[PDB]
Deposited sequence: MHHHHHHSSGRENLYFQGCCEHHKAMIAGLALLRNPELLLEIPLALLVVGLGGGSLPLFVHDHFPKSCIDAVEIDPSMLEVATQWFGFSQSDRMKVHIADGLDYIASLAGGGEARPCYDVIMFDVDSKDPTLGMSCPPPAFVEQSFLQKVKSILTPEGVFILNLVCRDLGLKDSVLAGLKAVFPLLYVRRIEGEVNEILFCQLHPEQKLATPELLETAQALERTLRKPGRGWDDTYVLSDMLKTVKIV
């Protein structure tokens, strides 16, 4: 919906054939709910997506559920937790631990900190190792970054690249935010023409206007 959300969703083009993308299950972890529009968009446009959303503030979930059309279902669950704690627990799950195709950080907090979007702990290298441990090998880690301190920004970017050696960057028109798209295997990266092709294919489907709501039919039938 908003410009930085459209850019984050665009990162799904780094996964695989965008024809296939709608037609196959996709596991997505999203940290930071806001008004719910980002996970709601994915839920509504990708009928086989399974989303875990982590949100620190129960009031954000309350308002989104009461007034902004957000809801939980079998395919979209919200956990009230600090994303740092939540990812640390998931990463400690053993061979049982989850494996997400996509991890999105849309987290924005404390004015004290040297950056608030995300808080710096989310991009510290020992935490980034926990993120890597719950991502599929060919998955994508997508980060909304606001960092006006350019010295800090270079340190953040260097640390990200140390753990995710394939980095792409999108600056957003009319705002300071940039979206980082982080992957694990630079040798498998798409050539520029392929990069262009996959993006255009994704946007064609998401603009296409459709469907049937199959939820909660049993009450009416019985």
item	value
Unmodelled ranges, which are counted on the deposited sequence from position 1 and given in order	1-18, 128, 229, 243-248
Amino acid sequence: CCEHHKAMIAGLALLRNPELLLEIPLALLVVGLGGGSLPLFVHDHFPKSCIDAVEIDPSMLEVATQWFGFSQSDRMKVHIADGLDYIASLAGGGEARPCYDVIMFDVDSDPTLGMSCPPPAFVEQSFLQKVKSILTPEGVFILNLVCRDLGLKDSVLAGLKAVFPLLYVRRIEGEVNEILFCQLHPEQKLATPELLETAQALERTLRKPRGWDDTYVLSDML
From here on, numbers count along this sequence of modelled residues.
| property | result |
| --- | --- |
| Mean Cα B-factor comparison, 136-144 or 112-120, giving the higher one as deposited | 112-120 |
| 8-16 versus 195-203 - greater average Cα B-factor per the deposited record | 195-203 |
| Options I80, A88, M76, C99 - largest CA temperature factor per the record | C99 |
| Criterion, highest CA B-factor; candidates, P58, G32, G69, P186 | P186 |
| Ranked C-alpha temperature factor of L190 among modelled chain residues, by third | highest |
| Record-listed C-alpha B factor of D52: chain third | lowest |
| Cα B factor band for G174 (lowest, middle or highest third within the chain) | highest |
